[PDB]
């Protein structure tokens, strides 16, 4: 039932700064907070968010993650002059103190708890806290790397204590390793920590052996710590997405967290003087979007780093846009991750194979920098149009509508006379397809839609052909059914995904046909193919429209909502779904996911059939030379 997105911010946290010269700490300025909040106001994003006030974290709350000794020492810094503050700062690595930093540290922490309470009390769907000082380097008895208290560690400990969550996922996409977080949950299997980070074979700060891929956690927590070290600078959108499709998401959906907290440091973005990576701000729209179907959307984004004020503003907007549900921007130029990234990726996957299903088949062997300003993102006036069979009034979610103009009806006749003849109620189906498609493609007024149809072949043809004419340069087709369709994948403008019951050997590289064995194992197998095959091809293909098609036959579709939601990362969310036959369940589920609603978790799934994982790896072997984003190992050289 929850709706809205929280934005927790307060200008008080910009009221401490570095007071002596120190080239390591110069980069961390109050303007990081000012610039990010002002960027959100300029784009009308703050105004769309529920402003939740900051509060101070209590002493009891700080002691969840820090020791009395260290809190006591920090509590004396407001009484210190600058000489004493310099001496106290020098006891720690890469941190400076200020008469107001204890105050703001308590606010940055309390802000995070406010966000956790709003989300877990269902007052909002998700949210973001813009805070200073950052947290993820902070440790039980020490400040480190601009961090005083560990805001994100707080949030998970607090969520554990006050809501009795058994499973919390923390995603740390800052460019630095959140070693404070890793230390805090090393032995705790109830918190899964994922972190990518510039490493460079341990030559990059904080220079820690245990920032490497081999630190998987300790004791009962083995396998719930996941480090992906970047060993070269300049990592791109393709590296980040390869990290998500082939490491993070396969683990996250199996973990099935009850809450997601994000250490959202944007020094991993292009232009940052410290990360020196190359991912565009747009990538964060997708990082956010790909995590949103977890935990019924309960996602708390907490700011960490980000030092290029321009890069910083644009990545914060891209994140809030996606929290608010705005359509995701198209990512072009995707391909293989670079070789160093594939090394890191395959090493993490191999070492994690002891602990996670999706990787288990790897163990047995029988199996001034400037860039283009991001485009405006804007919620469609009506997000989803729906065309149920004639005479079915239905309870539509808040942003939906039902169904034909003279222009349109003229066109259906032209198509009728040239290519078909037919005289039926299909003539209504095809008029609906066209008028829905025209609202999707022509206007930013409507985003996606679902039409119930009866005749499959004619419906598919008119939908596909009318789309290529608008023109939609490329169309991704996702078809759950058997047989072949009036779809030609020979010119490179169409890619066909087919989920079917009979195993049919496909030849060329513009078709991905998945035939999974029947039974209780089918749900886990579908999610593996979705995350590790379908999504990487689709993102590289970068279609302008997605056309979904479901045969009346298949029943076993507890997964359709997850794909509908993930697949809206492509084509700015422009997806038309054709449902063959009526099924109030499937139609209400499709419309709900299309409309941006919360998706219900999958929970525990029976791990997939070896015959299923083998068939999928046969598809990856067959397609990954054309679609490099499918690769999760370094390629063999001649």
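Throughout, rigid core stands for the largest set of C-alpha atoms superposing within 1.5 Å between the two forms. Positions refer to the first chain, counted from 1.
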Core superposition done, the stretch whose Cα atoms deviate more in 5 other deposited structures of this protein, picking from 574-582 and 606-614, is 606-614
Returned stretch for higher CA RMS in 5 other deposited structures of this protein, core superposition, given 421-429 and 168-176, is 421-429
### Query
Is residue 555 unresolved, in the sense of carrying no coordinates, in at least a third of the other compared entries?
yes
Subject >> residue 473 left out of the model in a third or more of other PDB entries >> reply: no
According to the PDB record, deposited residues with no modelled atoms between residue 554 and residue 555 number 1 to 3
Per the entry, how many deposited residues between residue 367 and residue 368 lack coordinates? The answer is 10 or more
Entry B factor averaged over C-alpha atoms, 355-363 against 247-255: higher for 355-363
Going by the entry, of stretches 542-550 and 297-305 the one with greater average Cα B-factor is 542-550
Among 603, 53, 44, 573, the highest C-alpha B-factor in the PDB entry belongs to 603
Entry record, C-alpha B-factors for 177, 418, 103, 132; the maximum is at 418
Assert third(CA B-factor, residue 13) within chain per record equals lowest
Residue 613: CA temperature factor from the record, placed by chain third, in the highest
Assert third(CA B-factor, residue 431) within chain per record equals highest
Sorting the chain's modelled residues by C-alpha B-factor and splitting them into thirds places residue 607 in the highest
Among the modelled residues of its chain, the C-alpha B-factor of residue 162 falls in the third labelled middle
